[PDB]
Amino acid sequence: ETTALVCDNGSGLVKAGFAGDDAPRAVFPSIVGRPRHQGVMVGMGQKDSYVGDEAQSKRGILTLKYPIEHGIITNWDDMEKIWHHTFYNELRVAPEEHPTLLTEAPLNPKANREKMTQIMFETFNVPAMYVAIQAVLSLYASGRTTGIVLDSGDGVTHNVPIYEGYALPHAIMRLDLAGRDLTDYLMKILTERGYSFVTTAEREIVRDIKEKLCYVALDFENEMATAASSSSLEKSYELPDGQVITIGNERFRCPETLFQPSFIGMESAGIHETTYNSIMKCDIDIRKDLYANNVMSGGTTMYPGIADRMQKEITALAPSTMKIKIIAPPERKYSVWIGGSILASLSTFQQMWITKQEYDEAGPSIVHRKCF
Amino acid sequence: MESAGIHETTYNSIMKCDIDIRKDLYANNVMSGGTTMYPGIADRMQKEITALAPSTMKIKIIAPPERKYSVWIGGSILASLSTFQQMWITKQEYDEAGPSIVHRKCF
Amino acid sequence: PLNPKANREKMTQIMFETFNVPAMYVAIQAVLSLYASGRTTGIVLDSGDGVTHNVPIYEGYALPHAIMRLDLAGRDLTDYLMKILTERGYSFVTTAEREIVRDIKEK
Amino acid sequence: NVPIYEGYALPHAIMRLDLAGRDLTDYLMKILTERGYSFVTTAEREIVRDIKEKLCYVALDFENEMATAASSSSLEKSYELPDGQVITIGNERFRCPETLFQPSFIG
Amino acid sequence: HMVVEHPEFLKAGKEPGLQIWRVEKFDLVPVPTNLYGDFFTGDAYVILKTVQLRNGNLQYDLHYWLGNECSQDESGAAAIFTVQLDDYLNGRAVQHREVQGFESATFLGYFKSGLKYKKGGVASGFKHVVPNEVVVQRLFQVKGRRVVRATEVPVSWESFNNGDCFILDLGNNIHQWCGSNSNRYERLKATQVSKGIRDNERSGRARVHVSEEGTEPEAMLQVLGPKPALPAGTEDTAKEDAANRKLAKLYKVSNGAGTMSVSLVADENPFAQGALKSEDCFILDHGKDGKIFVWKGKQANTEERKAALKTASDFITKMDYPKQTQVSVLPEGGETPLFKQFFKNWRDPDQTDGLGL
Ligand SMILES: Nc1ncnc2c1ncn2[C@@H]1O[C@H](COP(=O)(O)OP(=O)(O)OP(=O)(O)O)[C@@H](O)[C@H]1O
Ligand SMILES: [Ca+2]
Ligand SMILES: [Ca+2]
Ligand SMILES: [Ca+2]
Ligand SMILES: [Ca+2]
Ligand SMILES: [Ca+2]
Ligand SMILES: [Ca+2]
């Protein structure tokens, strides 16, 4: 009779809603703000901790902290504040009635799983609970049972090979750059034009500049040549102070950090050949399907031209005796939630819930044997 | 005096704030005091701030007719609020802490 | 704002010792003026007879680094009017004449 | 802050933190008002810079230095302004170098 | 590899043969036998063929077939039921993806007659929602001298007066209109209700605009029409303080006495926040403009909550409230700020006391 809840806890963007829906009900950034000046207007509803999009609204007069960094839960009290704001303020429901479905990062440490179980079962008193993986739920969102998933959100980039509807734990690999590092790179390469962004308050302004005005160059050197020669691609942006900035070659240099990590100094591989490195670690006989299902997921796959450049870079260094296609649905930024909505609404999911009484005579250890 | 006018003082008061809150502060300029009781000062203020600010912004200036006594009216409000009764500097706090209690309590 | 501390200690000392009040609070004028308007967000230009100060407050939180103060108010306007009235040959030197020039400035 | 390796800088690791002796001079201009000394214009900014150069020091630990400044008067010292008047400065001698370690003092 | 116990899988793969399943709203139904070999173009399907070997064991083969017009839930359901049916099996099966028009040659070989496709299919189990949508067009009059309260008023220029204050709610834009004859307390209440309806109902996804006479924005004039001559405003007396005092009725429902009990808590706002006990469930009835609020406790039983909803639904028909009355269900710590105005000094848990640090 009751409806389940899906809550995808992203590293910089958390999604939530009810099971059986074609889109998440609430999308809001996972930010906990704290005030940095003294409140002289007393009695007028001043709070010691602003959380969620409310913190994003009055972001100038706050210091902002991310409770999840790099896809892994670190600050737990702020993460409980994200949960309290999610259940009570956003979804406007009591947790005691509705079962709750959560999403976890691949290769999560088990202590984080046990503590997620403990603060769900003790603090909010849920009747049922379940934990699932980002990438395989994106693969179920793609309508496939076998493939690679490049899940590139705000914290990390994950490359997950899946065969027969199960991941292969030897072959999931992690590459630690995403849109936060792209925002910091764009923060670096706007200083030469004379515009300064140094604090966390205007970091979301630079993030909005990255979201509205970026594209992936199919070839980089000729795009340097045309950007240096002409000025057809130079476009203006309106800051909320009213100053108008203008952006030239920095519109497309910021996506290229993903393909060239030496732009921001680390020695690791770019996004195109680490998928090759992951797929060489798999068994041979599977690879004929495994190249064919190139599932792209995450909000940093929203750039125009990422698919054509991905197709070109895979087709350059894979052997030429095999066809490569790249698939990218328009809803792949919400695909983890869409997978959670379809899995929570199944006719076979009622026996896979972890009920309260099963938690009582097992403690916080039953989540390992059932979410598996 | 080589210091600039009240319009540029207002403008760089807005500019010293950080970038996210200029929008709301342009549209809520409030004047008070008897020295703002000249006729036509609001139009000159609107023209000078409209000249100094970028053209995309809307600038609104609030000049109520009771602005001479607005400090006292807000004082009657702040003394009348229910929250304020746990910020009174009592006699025993002054007796235990000297006159330096007022900088730890007020502002 | 930005008065010396010794004003606050001496004001505390004469209110608590001489008159023997049971409570005291002291507040900023521009905060009280923003209480009068009913808003929370805004910049208040409070200009009395001695002090003209700009205070911006976003939501409930004031920004003390953006507080501007200028000693340009009705006293200096009255004195400047007393200076420029000699161009028509009218001389005003005494304090009652300063009150009369204050009345003509108001009127 | 510039790292240099093999006699050449590393442009990815050079950073610019935008406060220096101008902002220290402006903060000392802010924190001399509470002793009753008023400096407003650019002519006496150089005097505040000279006061900052002659009488400042970085405290090794801040809170016990503030406690000893509040309790005793062994670190309070005088300066001779070029109009002949003598100012005195106490705990503000070391609070103004601390803005480099704590930028939240200037917001 | 945790095995499922759905009862329809018990007849799967027990004899050699060929079995077909159709998805209908996150569930499997087996299609009849004479409907084999043909499929709907707007549905997804699950295909099993299980084949006996010479040496004794029984091999399996799974396929999942997608139409070009099937919705997302049907395709994902076909994939997850293929995975769950393989998981119910002991991992001895192989899976294959089948696309409408682009099937494998072995898939054509199973059906003797061939493949024929018909339009239509079963409807999707999803319901259409957007992320972060509001469609709201309301107008609140706040009024009073000491006990200031809000009342919903219909959206027209004729409802405006100069003596009160008004809150025009238009979704992402909230407009605060102050009268010239309006006083200090209802201006403060209008500002407090405005910041509440921004930061609690919309969670900061709004922008609050403050305006007075002559400075009306284009949004107010576009929604409300051209501005007529305003019919002044009555001076704020003490009789409407008593009228605002008589607007809400706080009731209790609790099974602590071992039986059903609807009892009056109070009939005189401002109420006490401590009166809201956490083990019971309460009703506020501001039904003159059509609002009733069902406050649920954390330690309240389910039958108390159902009885509160039943009694609140009875209150439309008993006292003859008009037919736009909304039943708003409120848990602890997530209260609407229109509910908060009837209480004396509402305290959120993470509030700032004094100046703050
Ligand atoms: N149109 C866009 N253009 C560029 N970047 C975008 C766009 N839309 C979203 N992003 C970026 O995508 C990120 C958010 O994506 P997503 O919601 O998938 O991440 P997440 O779930 O929070 O992350 P993670 O998977 O690391 O936990 C942010 O860095 C955001 O700036
Ligand atoms: Ca994600
Ligand atoms: Ca004054
Ligand atoms: Ca269908
Ligand atoms: Ca198998
Ligand atoms: Ca009235
Ligand atoms: Ca009970």
# chains A, B, ... in the order shown; residues from 1 in each chain; ligands from 1

$ closest_atom_pairs --of "chain B" --to "chain C" --cutoff "6 Å" --atoms "only C-alpha atoms" --output "tab-separated table"
residue	atom	partner	partner_atom	distance
B:13	CA	C:66	CA	5.6
B:16	CA	C:66	CA	5.7
B:25	CA	C:42	CA	5.0
B:28	CA	C:42	CA	4.7
B:29	CA	C:43	CA	5.3
B:30	CA	C:44	CA	4.8
B:31	CA	C:45	CA	5.0
B:32	CA	C:46	CA	4.9
B:33	CA	C:47	CA	5.1
B:35	CA	C:47	CA	5.7
B:70	CA	C:33	CA	5.2
B:71	CA	C:33	CA	4.8
B:73	CA	C:36	CA	5.7
B:74	CA	C:36	CA	4.4
B:75	CA	C:32	CA	5.8
B:88	CA	C:23	CA	5.7
B:89	CA	C:24	CA	5.4
B:90	CA	C:23	CA	4.8
B:91	CA	C:22	CA	5.7
B:99	CA	C:9	CA	5.1

$ residues_near_ligand --ligand "ligand 7" --cutoff "6 Å" --atoms "only C-alpha atoms and all ligand atoms" --output "VMD selection string"
chain E and resid 254 to 256 279 to 280 300 to 301

$ write_last_selection --atoms "N, CA, C and O atoms" --output "CSV table (one decimal), in the first residue's frame"
chain,number,residue,atom,x,y,z
E,254,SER,N,-5.7,10.5,20.2
E,254,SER,CA,-4.7,9.6,20.9
E,254,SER,C,-5.5,8.4,21.3
E,254,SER,O,-6.6,8.4,21.7
E,255,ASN,N,-4.8,7.2,21.2
E,255,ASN,CA,-5.3,6.0,21.8
E,255,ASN,C,-4.6,5.7,23.1
E,255,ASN,O,-4.5,4.5,23.5
E,256,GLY,N,-4.2,6.7,23.9
E,256,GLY,CA,-3.5,6.4,25.2
E,256,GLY,C,-4.5,6.0,26.2
E,256,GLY,O,-4.1,5.3,27.2
E,279,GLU,N,3.8,11.7,21.0
E,279,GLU,CA,3.2,10.4,21.0
E,279,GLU,C,1.8,10.3,20.5
E,279,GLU,O,1.2,9.2,20.4
E,280,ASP,N,1.2,11.5,20.1
E,280,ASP,CA,-0.2,11.6,19.7
E,280,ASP,C,-0.2,12.3,18.4
E,280,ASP,O,0.8,12.6,17.8
E,300,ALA,N,3.7,8.0,17.1
E,300,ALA,CA,2.2,7.8,17.0
E,300,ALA,C,2.0,6.5,16.2
E,300,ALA,O,2.7,6.2,15.3
E,301,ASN,N,1.0,5.7,16.7
E,301,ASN,CA,0.6,4.5,16.0
E,301,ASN,C,-0.1,4.8,14.6
E,301,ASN,O,-0.5,5.9,14.4

$ interface_residues --of "chain D" --to "chain A" --cutoff "9 Å" --atoms "only C-alpha atoms" --output "list in words"
residues 12, 17, 104 and 107 of chain D

$ residues_near_ligand --ligand "ligand 6" --cutoff "12 Å" --atoms "only C-alpha atoms and all ligand atoms" --output "number ranges by chain"
E: 141-150, 160-166, 178-187, 232-241

$ residues_around --residues "range 337-342 of chain A" --least-positions-apart "2" --cutoff "6 Å" --atoms "only C-alpha atoms" --output "count of residues only"
10

$ interface_residues --of "chain A" --to "chain E" --cutoff "6 Å" --atoms "only C-alpha atoms" --output "list in words"
residues 20, 21, 22, 23, 24, 25, 26, 38, 39, 40, 46, 47, 48, 53, 54, 57, 88, 89, 94, 140, 143, 165, 346 and 347 of chain A

$ select_by_dssp --residues "chain D" --states "strand (DSSP E or B)" --output "list in words"
residues 4, 5, 8, 9, 77, 78, 79, 80, 86, 87, 88 and 89 of chain D

$ write_last_selection --atoms "C-alpha atoms" --output "mmCIF file, in the first residue's frame"
data_model
loop_
_atom_site.group_PDB
_atom_site.id
_atom_site.type_symbol
_atom_site.label_atom_id
_atom_site.label_comp_id
_atom_site.auth_asym_id
_atom_site.auth_seq_id
_atom_site.Cartn_x
_atom_site.Cartn_y
_atom_site.Cartn_z
ATOM 1 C CA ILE D 4 60.417 27.165 -8.331
ATOM 2 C CA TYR D 5 62.117 23.925 -9.393
ATOM 3 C CA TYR D 8 61.916 27.803 -13.255
ATOM 4 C CA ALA D 9 58.493 28.377 -11.750
ATOM 5 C CA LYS D 77 53.304 52.168 23.828
ATOM 6 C CA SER D 78 52.962 55.705 22.504
ATOM 7 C CA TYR D 79 53.482 57.357 19.126
ATOM 8 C CA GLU D 80 53.969 61.039 18.307
ATOM 9 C CA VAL D 86 50.509 61.719 21.251
ATOM 10 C CA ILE D 87 48.510 58.551 20.639
ATOM 11 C CA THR D 88 48.829 55.339 22.620
ATOM 12 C CA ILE D 89 48.314 51.806 21.302
#

$ closest_atom_pairs --of "chain C" --to "chain A" --cutoff "7 Å" --atoms "only C-alpha atoms" --output "tab-separated table"
residue	atom	partner	partner_atom	distance
C:60	CA	A:41	CA	4.7
C:61	CA	A:39	CA	4.1
C:62	CA	A:39	CA	6.4
C:63	CA	A:37	CA	6.6

$ residues_near_ligand --ligand "ligand 4" --cutoff "7 Å" --atoms "only C-alpha atoms and all ligand atoms" --output "list in words"
residues 42, 43, 70, 71, 74, 121, 122, 123 and 124 of chain E

$ residues_near_ligand --ligand "ligand 1" --cutoff "9 Å" --atoms "only C-alpha atoms and all ligand atoms" --output "ChimeraX atom specification"
/A:8-15,27,29-30,68-72,104-105,134,151-158,178-183,204,207-215,255,297-304,332-336

$ residues_around --residues "residue 58 in chain D" --least-positions-apart "3" --cutoff "7 Å" --atoms "only C-alpha atoms" --output "ChimeraX atom specification"
/D:94,97-98

$ interface_residues --of "chain D" --to "chain C" --cutoff "10 Å" --atoms "only C-alpha atoms" --output "list in words"
residues 27, 30, 31, 32, 33, 34, 35, 36, 37, 38, 40, 104, 105, 106 and 107 of chain D

$ write_last_selection --atoms "N, CA and C atoms" --output "PDB file, in the first residue's frame"
ATOM      1  N   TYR D  27      42.918  47.811   7.809  1.00  0.00           N
ATOM      2  CA  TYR D  27      42.433  47.191   9.038  1.00  0.00           C
ATOM      3  C   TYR D  27      42.905  47.942  10.276  1.00  0.00           C
ATOM      4  N   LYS D  30      40.765  50.781  10.578  1.00  0.00           N
ATOM      5  CA  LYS D  30      39.539  50.360  11.247  1.00  0.00           C
ATOM      6  C   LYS D  30      39.722  50.246  12.761  1.00  0.00           C
ATOM      7  N   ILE D  31      40.849  49.698  13.227  1.00  0.00           N
ATOM      8  CA  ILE D  31      40.946  49.343  14.643  1.00  0.00           C
ATOM      9  C   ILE D  31      41.729  50.384  15.444  1.00  0.00           C
ATOM     10  N   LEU D  32      41.802  51.611  14.931  1.00  0.00           N
ATOM     11  CA  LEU D  32      42.206  52.750  15.742  1.00  0.00           C
ATOM     12  C   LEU D  32      41.055  53.683  16.076  1.00  0.00           C
ATOM     13  N   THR D  33      39.850  53.408  15.572  1.00  0.00           N
ATOM     14  CA  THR D  33      38.698  54.251  15.868  1.00  0.00           C
ATOM     15  C   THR D  33      38.226  54.080  17.305  1.00  0.00           C
ATOM     16  N   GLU D  34      38.386  52.876  17.872  1.00  0.00           N
ATOM     17  CA  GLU D  34      37.842  52.606  19.202  1.00  0.00           C
ATOM     18  C   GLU D  34      38.632  53.284  20.317  1.00  0.00           C
ATOM     19  N   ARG D  35      39.850  53.735  20.041  1.00  0.00           N
ATOM     20  CA  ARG D  35      40.579  54.568  20.985  1.00  0.00           C
ATOM     21  C   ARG D  35      40.308  56.056  20.786  1.00  0.00           C
ATOM     22  N   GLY D  36      39.356  56.411  19.925  1.00  0.00           N
ATOM     23  CA  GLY D  36      38.984  57.792  19.708  1.00  0.00           C
ATOM     24  C   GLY D  36      39.786  58.534  18.663  1.00  0.00           C
ATOM     25  N   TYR D  37      40.786  57.903  18.054  1.00  0.00           N
ATOM     26  CA  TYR D  37      41.592  58.551  17.028  1.00  0.00           C
ATOM     27  C   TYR D  37      40.932  58.336  15.673  1.00  0.00           C
ATOM     28  N   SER D  38      40.699  59.422  14.946  1.00  0.00           N
ATOM     29  CA  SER D  38      39.969  59.384  13.685  1.00  0.00           C
ATOM     30  C   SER D  38      40.925  59.647  12.528  1.00  0.00           C
ATOM     31  N   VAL D  40      40.542  59.336   8.284  1.00  0.00           N
ATOM     32  CA  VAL D  40      39.606  59.062   7.192  1.00  0.00           C
ATOM     33  C   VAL D  40      40.245  59.184   5.801  1.00  0.00           C
ATOM     34  N   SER D 104      39.445  36.392   8.102  1.00  0.00           N
ATOM     35  CA  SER D 104      38.088  36.655   8.586  1.00  0.00           C
ATOM     36  C   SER D 104      37.987  37.886   9.491  1.00  0.00           C
ATOM     37  N   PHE D 105      39.117  38.415   9.977  1.00  0.00           N
ATOM     38  CA  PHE D 105      39.136  39.709  10.653  1.00  0.00           C
ATOM     39  C   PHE D 105      38.706  40.839   9.718  1.00  0.00           C
ATOM     40  N   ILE D 106      39.054  40.761   8.430  1.00  0.00           N
ATOM     41  CA  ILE D 106      38.547  41.734   7.463  1.00  0.00           C
ATOM     42  C   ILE D 106      37.421  41.145   6.615  1.00  0.00           C
ATOM     43  N   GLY D 107      36.798  40.065   7.077  1.00  0.00           N
ATOM     44  CA  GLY D 107      35.665  39.493   6.383  1.00  0.00           C
ATOM     45  C   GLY D 107      35.993  38.679   5.151  1.00  0.00           C
TER      46      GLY D 107
END

$ select_by_dssp --residues "chain C" --states "helix (DSSP H, G or I)" --output "JSON, numbers by chain"
{"C": [5, 6, 7, 8, 9, 10, 11, 12, 13, 14, 15, 16, 17, 29, 30, 31, 32, 33, 34, 35, 36, 37, 64, 65, 66, 74, 75, 76, 77, 78, 79, 80, 81, 82, 83, 84, 85, 86, 87, 88, 95, 96, 97, 98, 99, 100, 101, 102, 103, 104, 105, 106]}

$ atom_distance --atom1 "CA of residue 22 in chain E" --atom2 "CA of residue 348 in chain A"
15.3 Å
